[PDB]
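By convention in this document, chain letters (A, B, ...) are assigned in the order of the sequence lines, proteins followed by strands, and residues within each chain are numbered from 1. Side chains included, hydrogens not; waters and symmetry mates left out as well; all remaining heavy atoms used.
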6 protein chains.
Amino acid sequence: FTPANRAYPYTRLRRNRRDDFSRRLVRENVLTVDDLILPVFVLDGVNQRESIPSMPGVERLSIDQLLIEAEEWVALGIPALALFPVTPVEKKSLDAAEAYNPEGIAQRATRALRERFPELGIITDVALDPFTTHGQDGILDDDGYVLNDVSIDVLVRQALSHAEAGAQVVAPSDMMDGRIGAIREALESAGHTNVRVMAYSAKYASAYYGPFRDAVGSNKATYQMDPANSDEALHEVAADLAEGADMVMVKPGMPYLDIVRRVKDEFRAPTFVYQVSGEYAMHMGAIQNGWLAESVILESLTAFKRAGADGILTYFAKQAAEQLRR
Amino acid sequence: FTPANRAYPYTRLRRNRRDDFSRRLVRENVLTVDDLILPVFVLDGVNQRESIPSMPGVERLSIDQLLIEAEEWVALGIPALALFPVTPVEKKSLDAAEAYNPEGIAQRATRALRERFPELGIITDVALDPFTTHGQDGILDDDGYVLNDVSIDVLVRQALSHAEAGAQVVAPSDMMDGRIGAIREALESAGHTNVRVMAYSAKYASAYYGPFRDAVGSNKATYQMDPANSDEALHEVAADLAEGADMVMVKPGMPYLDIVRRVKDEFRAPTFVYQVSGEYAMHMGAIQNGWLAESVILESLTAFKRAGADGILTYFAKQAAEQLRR
Amino acid sequence: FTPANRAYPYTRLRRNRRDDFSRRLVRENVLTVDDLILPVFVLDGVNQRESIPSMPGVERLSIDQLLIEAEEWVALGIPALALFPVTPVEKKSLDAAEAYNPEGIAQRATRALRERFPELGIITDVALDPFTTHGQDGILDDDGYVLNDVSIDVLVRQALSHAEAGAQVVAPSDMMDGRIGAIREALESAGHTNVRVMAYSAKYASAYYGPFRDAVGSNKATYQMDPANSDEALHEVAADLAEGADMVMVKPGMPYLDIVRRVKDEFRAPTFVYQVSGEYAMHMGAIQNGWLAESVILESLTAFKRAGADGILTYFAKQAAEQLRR
Amino acid sequence: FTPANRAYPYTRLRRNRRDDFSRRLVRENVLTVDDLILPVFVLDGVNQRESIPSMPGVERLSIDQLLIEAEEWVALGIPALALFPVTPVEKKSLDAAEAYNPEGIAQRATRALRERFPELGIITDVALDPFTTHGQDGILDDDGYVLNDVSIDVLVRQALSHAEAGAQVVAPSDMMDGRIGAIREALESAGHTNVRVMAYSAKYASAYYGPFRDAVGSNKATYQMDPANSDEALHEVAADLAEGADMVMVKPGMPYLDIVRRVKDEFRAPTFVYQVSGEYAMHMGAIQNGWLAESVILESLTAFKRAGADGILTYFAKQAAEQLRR
Amino acid sequence: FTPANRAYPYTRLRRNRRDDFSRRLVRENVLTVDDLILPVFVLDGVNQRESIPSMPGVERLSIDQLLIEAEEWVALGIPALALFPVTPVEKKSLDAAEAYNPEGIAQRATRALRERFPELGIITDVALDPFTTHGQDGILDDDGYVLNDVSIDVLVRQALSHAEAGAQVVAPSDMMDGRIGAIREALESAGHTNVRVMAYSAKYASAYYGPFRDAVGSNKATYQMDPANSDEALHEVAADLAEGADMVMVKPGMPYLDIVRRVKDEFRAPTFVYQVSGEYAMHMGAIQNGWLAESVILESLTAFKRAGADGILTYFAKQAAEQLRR
Amino acid sequence: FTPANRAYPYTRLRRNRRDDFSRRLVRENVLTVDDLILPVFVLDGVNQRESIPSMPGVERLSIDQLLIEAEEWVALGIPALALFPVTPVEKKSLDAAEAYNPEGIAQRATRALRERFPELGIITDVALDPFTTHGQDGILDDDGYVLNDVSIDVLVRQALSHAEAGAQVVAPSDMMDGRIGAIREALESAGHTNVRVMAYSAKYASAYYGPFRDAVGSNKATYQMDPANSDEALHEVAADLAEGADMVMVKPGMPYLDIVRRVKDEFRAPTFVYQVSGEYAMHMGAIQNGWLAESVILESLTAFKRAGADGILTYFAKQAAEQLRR
Ligand SMILES: [Cl-]
Ligand SMILES: [Cl-]
Ligand SMILES: [Cl-]
Ligand SMILES: [Mg+2]
Ligand SMILES: [Mg+2]
Ligand SMILES: [Mg+2]
Ligand SMILES: [Mg+2]
Ligand SMILES: [Mg+2]
Ligand SMILES: [Mg+2]
């Protein structure tokens, strides 16, 4: 940046703000539907639609209902969904075998969506915490610590089962060291040459995941990042890029826009951000109370674009796409 | 940033995360009470405390009551308050003369606080919109446009009145071009050599100010910044620094943490951020609903520190200070 | 850095200095107990406490006494100790076998502290100079030169014995080329996945180690760095990061704050610094003589934080923690 | 900095360390006598040499004695002296008039030295605190605050008196805002076109000045810098360069070597550093006690060179010069 | 670089130039004997000293005479010699076997100097052009092109024979791709752990080598660099650093000071420069004609230091060392 | 610079060197005649050509003879001449009045050339040293010091006289501070809006000017730059650009190519360099002696282009132009 000796009154920054036409001409960023990814909670069974108290307006959907809702998501131009299965309690186990079951919810939903909506991106969640008995992040040693490499073995099986089900993108959310490279080598070995890996690169140990936990039915500091740390996120992303990630993600979203910006600025790679359950809930609640105008939805999403995000995982994706088409 | 060829498994970023002691050693940023500024809403009477509906848990206080609660804020070590008077409708006018009234709420509160707590920082609000007939940002021309230099004349008189009342800091929130230099020159000519000017430098035309209206009882795009614009913020800050600001501020806060980052990175000057009414209300609502843990408060405030903020204007200051103490 | 055309009298840098509250608000760095690591000299035997003339106020402690003193170090919140055994003269030998003895002082002290204070970080010293016959840095060839790779073989055995004793961090202080990578591969091979390596990366051939030598009972230019060289430190650290170090350290401390700064700025990695025996002795002596106020202790430590250090090895850690709690 | 993929064992940084000749070839910085400035304490009488208790080995000297010892300093090639007069208590006053007295100690010493050693640089101290009733930094208001611009008026008269006495360099150590520009303009208007101004630009509110008080016989936070602050030093230096300083100084020295580094790196201007009384005393005390080898003197001074200093104000200048000669 | 708004007449850059003492204080670089390497031409036989018409004052020396002259080079403090054998015509051959002969001139001279002057650095020339029949750079294919990898095989044998003879540094001047890595691996494999490799990294196809060719008794564009190219030199040096060079050199010298500067600035590695035969001859000739003052010698060498060189190969090394001691 | 992991044998930098055509394609810089400025020595008579002993092949020419040879220079496409008058001793004086004489050699030559070759650039020398009694650089005070601002008064009158004579470019070589701004302001006030000012910005106190004295028939350290200093050159250039120079020059040339590089890199402004009399003489002497091939001329000039020069003042301009043509 060079200020170029710009000085009032020769320079008045209000002149460009004076009229809509000039504000439009100098506008640095615009949000479009191309930027939006919808996370969706997927139930077992048939003809199920369940509200989530902590996420007003978001429903968990059985696969038949998901296919029905998706017709309109596609009609709105939403490029991709991110699937989050709501695992039946009885399918949770010590070594998370359900993660790689070809008849698991994520795998079934994937095959169904790929057949019905061939152009719709399906991003699966590579993660053991939907399948472990008490939502722990992976396979535990005798001290209750999440074992890094052993958990990766299971994550790899899971990633392969998602690729087999036809997922165009797998997104590992587990925060094990080196899992991106492990998953990429396994995809490459098995001939899944074009399956994208969207790394959750700089994922923070956060209070903002609370409502998601309520939605899926479920310590973090030994794998997820300390919210205090910014330089560390660069090291996380550099490793995931070296290991072969096609896209890198920051999570949570708005509370870490500084991280989105540093990551985009330093690596110039496809950079994604998750506007998490907590962010959605606090915005929606404030809107319902009449504390915040509905225009806050697009403002919050524009923030991600300005900060350098290429795409945004957001529960507002349908509302935003509606407000963008209109 | 040099990645220095760090690679798994020689590099495992979980090793520093393994134990609390190493997490503490590598922790990049820590919030303290010396980062906190409490905004307070000030009433015109005596023995008055009112609850604000759209800001649950925030009260408007008469000066006598403000003096009482300030005992607690000072005991907690909160360095400064930012005063926001709740102007009676009868004192509102087209010329905003109440802005520089020696017996305006802001002026009376300042005098009372400076006398009772000589070490407590008082930051006054240099702004016409609390004093105009319908909350417009300044003096209007025939077209209803907020005239720049003519509004500045009033803001200067107001800043001088705050300095006369003993405010250590005046904070112009008006977003007229060149007002920082005009206020600084007036303060200098009048001999108020040490009155700090905290510029609201990069202040966005935002939906997040919604609940503030409910607190103080009140076209923004022609003076406040387009949320889409990041480069433009650097030009705003550069001008305010040239014009004599001792500190510069980004507003709103969490939706603009990338802006905080860029401003701190490029200017290396004292950088402040406002966690605005809508950010407070969003968080408080989710906490009250039991959707989010109370730990999000410290998490939200830590973000500002990590992003580069030196100080945070936050309605959570007392709560935060009590959590930091214990 | 962009100066932003800031000019007296519009800019007066004394305004922020005018009051405690504003000095606090703009304060760029603060020292906390999270930043402190205490080095401790450990004797053989029982019920031993020996003063060190060249390090007033520092005592060498047998393990029983160390456990007793540690209760209070932990109570003060000191996150970690760095152990320096005082090796009995008769246990020194040509090929430094004592370095890896499971019944060596460092190994015994480690097991005792890990059991008694499970949350306290134990940083061991990976070094052959406590175990060689005349304090030489490693294994000598027939010319009296310290052989690089042969010394690393012994250092690796030692590092493994520390990991076996339960040390969470091993800190190689030997300045052999490539020892960080050698030690990391051996830790990885043996399943010590989470043992941290705190590299003494840029360690200078220094006169400031004199009192430490007195404390432990003991040429340098062929392995330790020439104090003239700054660019070279970057090459040292880049290699240690590539080789898998979790933290990198500069030593001595205050005489090399420029190096701390370059290292933090260039690599953005966890950066440590040793305020060595000589630095402690000259400060303590000057304080005892009434030449320097006690406030110099916290000033010297604040310098490390400002310079970019994440943690500081300092014999003042107890005094500083006391003065920070109070 | 490009690490250029250097890796062990292809890269072994010990190879250049192997022999004295290669160490000499790669040596990045060398101290010489042309880096050294000797501060001297000057008495008001004749045939006077006094030992300073808190600065062992440093003497206060009458002008006749100063002239004698200067023969030795000149023979050693020390380029400049910095004069610090020891003002008799009777000459101290609220208006600090002695500061510009044509027969003040500083003015008499300057005239005598310029005549006797025409090639020797004389750096005078532009400062009010040697002349004020109780060593306060400048003229006080009713509240006991050091008034900026009014103190500057006195400093300007003083700088002019030093120039009239023939000083080649005036060095304002007062830390008033804008004094460099005010002194430069006065010097220019009076025709002292070639009088250099060595600004004390980044001078910290430090405990390290303790022994200086014992030498000269004498709220600092309101003009001197907070030790925590690094970015702020760049703003101080930028202003002094704009205002006409020929050289800029960091003070104290070794506790602020990161500041020396940053200042040299960003401005590429002649950069000076003061190894202050407390740094001297710390080192001298440890040497006298036999805790540190006398080689620490050259090591401490080499640090300044490596950090970026062009010149060092040091009480060790004569000792250093004798060591460099032999 | 930030100009810091420095402006005449507040800034007059002549003030620092006014007096010797201040010019000395701000002087950015100084040449010392530590910077000098003497190239020497070595004859077969005994009691030989031959003048070189194109290099006035430079003599070729048999080994006995070289030992005699070296006593004084060592007395002057010259840290190292670079040896250039004058190969007997009858020892030149198709496959340059003389390069690795343990009884070759370079090998014999090396053993003799290492025994007699153990502290003197001996830099040998790894090159096939002294041993090929018509001074071609290496082994020719059937088109007369210098084969890269086959020539490296011979260069490696030669480098090993120099290490065996005791050379502390080998300097490959051949400009084959990858020879630095090949030579380093062979040195490492054979246990020559500390033998330095001083790469001729960015060596240009130059007319300035003419007199050297006369001195040793002897197309270039297919291996030596085009004098037009600057970016290319960075690629050359990056590769040599990756391949394990301890020092990197630019050649010729003064006509490529821009390259010295870029190389030092970009890599921050030990950077050397050869002031070649042509540079020496044109300076010496101009001095002998009375066209240039003798002071041009030190000026030319100071240029290398200012440009960023750590050491200089120069036929003026004895004259310069004399003029530096005196 | 990103090395982009280029490694042998995948990267072989000899591949582009293999054939003339690829060498031509990758060639980074090319000298042309549009880079060349010819300095010429101008005599006061008619029918005069004199050989300069210390500049073999360079002639001093009367204006009539200059007009004749200029036919050839123009036919070769040389864009500009730099005039250096050879002032008769009778016209030399303490006040240097001949400098602005409308019938001075420089003024007469300019008028004659502008009329005869309207497209040929004429660069006059703004300098007092051709006109002062003993070749001193300007007007002297009682101490023999070259007074800055008083010399500038004469230089301004001279620059105006050159502009009146029709010079398109005035080039002040005097090294007084602020003279560029003073000349620019005078030219502007007099309406010479398009007269270019080519500042000698970074002109070193050099031995390389020796033969120039023999050409024109004639303490430098107090105005010309110390050869040791590089950072200082950037401050000199920044000032001249601020003061209105259209182009800036480094002098001497080849000994300061790092300075050319830094100046072009930092300012990106039209950058010129003087291959001075001593550089010419060194090269010419070696060529005449048969020590160096005539190809060194183009090699020396290509260096300037590669270093960043836009134009070169060179006594080889005619030779170079003839070589470039053929
Ligand atoms: Cl004030
Ligand atoms: Cl003067
Ligand atoms: Cl014109
Ligand atoms: Mg990771
Ligand atoms: Mg503005
Ligand atoms: Mg190392
Ligand atoms: Mg200042
Ligand atoms: Mg190469
Ligand atoms: Mg100049």
For the pair [X] (side chain) and [Y] (backbone), establish whether a donor and an acceptor sit closer than 3.5 Å, ignoring hydrogens and angles.
{"X": "A/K92", "Y": "A/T133", "result": "no"}
{"X": "B/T11", "Y": "C/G244", "result": "no"}
{"X": "C/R184", "Y": "C/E243", "result": "no"}
{"X": "A/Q275", "Y": "A/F316", "result": "no"}
{"X": "A/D141", "Y": "A/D143", "result": "yes"}
{"X": "A/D310", "Y": "A/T271", "result": "yes"}

Closest approach of [X] to [Y] (non-hydrogen atoms, all atoms of both residues):
{"X": "A/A112", "Y": "A/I63", "answer": "CB-CG2, 3.9 Å"}
{"X": "A/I123", "Y": "A/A80", "answer": "CD1-CB, 4.0 Å"}
{"X": "C/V248", "Y": "C/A245", "answer": "CG1-CB, 4.2 Å"}

Once rounded to the nearest 0.5 Å, what's the spacing between atom [atom1] of [X] and atom [atom2] of [Y]?
{"X": "A/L94", "Y": "A/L140", "atom1": "CG", "atom2": "CG", "answer": "7.5 Å"}
{"X": "C/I180", "Y": "C/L241", "atom1": "CD1", "atom2": "CG", "answer": "10.0 Å"}
{"X": "A/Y100", "Y": "A/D153", "atom1": "OH", "atom2": "CG", "answer": "10.5 Å"}
{"X": "A/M254", "Y": "A/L301", "atom1": "CE", "atom2": "CG", "answer": "10.0 Å"}
{"X": "A/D137", "Y": "A/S151", "atom1": "CG", "atom2": "OG", "answer": "7.0 Å"}
{"X": "A/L187", "Y": "A/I183", "atom1": "CG", "atom2": "CD1", "answer": "7.5 Å"}

Partner set under salt bridge (charged side-chain N to carboxylate O under 4.0 Å, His left out) for [X], not counting sequence neighbours:
{"X": "B/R6", "value": "none"}
{"X": "A/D177", "value": "none"}
{"X": "B/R27", "value": "A/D226"}
{"X": "A/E236", "value": "B/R17"}

Taking the side chain as every heavy atom from C-beta outward, state whether [X] and [Y] have any pair of such atoms under 4.5 Å apart.
{"X": "A/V126", "Y": "A/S173", "value": "no"}
{"X": "A/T222", "Y": "B/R23", "value": "yes"}
{"X": "B/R15", "Y": "B/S22", "value": "no"}
{"X": "A/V154", "Y": "A/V150", "value": "no"}
{"X": "A/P85", "Y": "A/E98", "value": "no"}
{"X": "A/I122", "Y": "A/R114", "value": "yes"}
{"X": "A/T314", "Y": "A/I37", "value": "no"}
{"X": "A/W73", "Y": "A/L81", "value": "yes"}

When you compare the side chains of [X] and [Y], does any donor N or O come within less than 3.5 Å of an acceptor on the partner?
{"X": "A/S206", "Y": "B/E299", "result": "yes"}
{"X": "A/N229", "Y": "B/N29", "result": "no"}
{"X": "A/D240", "Y": "A/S201", "result": "yes"}
{"X": "B/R262", "Y": "B/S230", "result": "yes"}
{"X": "B/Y8", "Y": "A/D149", "result": "yes"}

Subject >> Check against side chain to side chain contact (heavy atoms under 4.5 Å, CB included), B/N16 and A/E232 >> reply: CA-CA 11 Å; B/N16 289 153; A/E232 193 183 342; over 6 Å; no
Taking NZ, NE, NH1 and NH2 as the nitrogens, is one of them in [X] or [Y] under 4.0 Å from a carboxylate oxygen of the other?
{"X": "B/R306", "Y": "A/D231", "result": "no"}
{"X": "C/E188", "Y": "B/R12", "result": "yes"}
{"X": "A/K305", "Y": "A/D35", "result": "yes"}

Kindly list each side-chain donor-acceptor pair under 3.5 angstrom involving residues 191-199 of chain A, sequence neighbours excluded, with atom names and distances?
from, atom 1, to, atom 2, distance (Å)
A/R196, NE, A/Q168, O, 3.3
A/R196, NE, A/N194, O, 2.9
A/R196, NH2, A/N194, O, 3.0

Set of residues satisfying side-chain contact (heavy atoms from CB on, under 4.5 Å) with respect to [X], sequence neighbours excluded:
{"X": "D/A7", "result": "none"}
{"X": "A/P88", "result": "A/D44, A/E90, A/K91, A/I105"}
{"X": "A/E266", "result": "A/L234, B/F1"}
{"X": "A/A215", "result": "A/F41, A/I52, A/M55"}

**OP:** Determine whether the aromatic ring centres of A/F212 and A/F84 lie less than 6.0 Å apart.
**Re:** yes
**OP:** Return the orientation label for the A/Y315 and A/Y280 ring planes: parallel under 30°, perpendicular over 60°, tilted otherwise.
**Re:** perpendicular
Under 6.0 Å from the [atom1] atom of [X], do we count more than 12 heavy atoms belonging to anything else shown?
{"X": "A/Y209", "atom1": "OH", "result": "yes"}
{"X": "A/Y223", "atom1": "OH", "result": "yes"}
{"X": "F/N5", "atom1": "CG", "result": "no"}

**OP:** Quick one: which residue pairs count as a ring pair (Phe, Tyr, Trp, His ring centres under 6.0 Å) with a foot in residues 127-156 of chain A, not counting sequence neighbours?
**Re:** none
Subject >> Inter- and intrachain pairs under ring pair (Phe, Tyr, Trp, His ring centres under 6.0 Å), touching residues 238-265 of chain A, at least two apart >> reply: A/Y204-A/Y256
Original post:
salt bridge (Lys or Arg N to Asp or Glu O under 4.0 Å) between B/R24 and C/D34: does it pass, once the steps are laid out?
Top reply: CA-CA 5 Å; B/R24 295 179 55 212; C/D34 302 333; 2.8 Å; yes
Original post:
Which residue pairs satisfy the salt bridge (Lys or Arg N to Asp or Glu O under 4.0 Å) criterion with at least one member in residues 154-175 of chain A, sequence neighbours excluded?
Top reply: A/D174-A/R179
**OP:** Report the C-alpha separation of A/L83 and A/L113 in whole Å, then their side-chain angles, then the decisive distance to 0.1 Å, and conclude whether the side chain to side chain contact (heavy atoms under 4.5 Å, CB included) test is met.
**Re:** CA-CA 11 Å; A/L83 312 177; A/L113 290 157; 4.0 Å; yes
Original post:
Do A/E103 and A/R111 pass the salt bridge (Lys or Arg N to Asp or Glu O under 4.0 Å) test, and can you show the C-alpha distance, the side-chain angles, and the key distance before you say yes or no?
Top reply: CA-CA 10 Å; A/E103 296 299 341; A/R111 289 191 299 270; 3.5 Å; yes
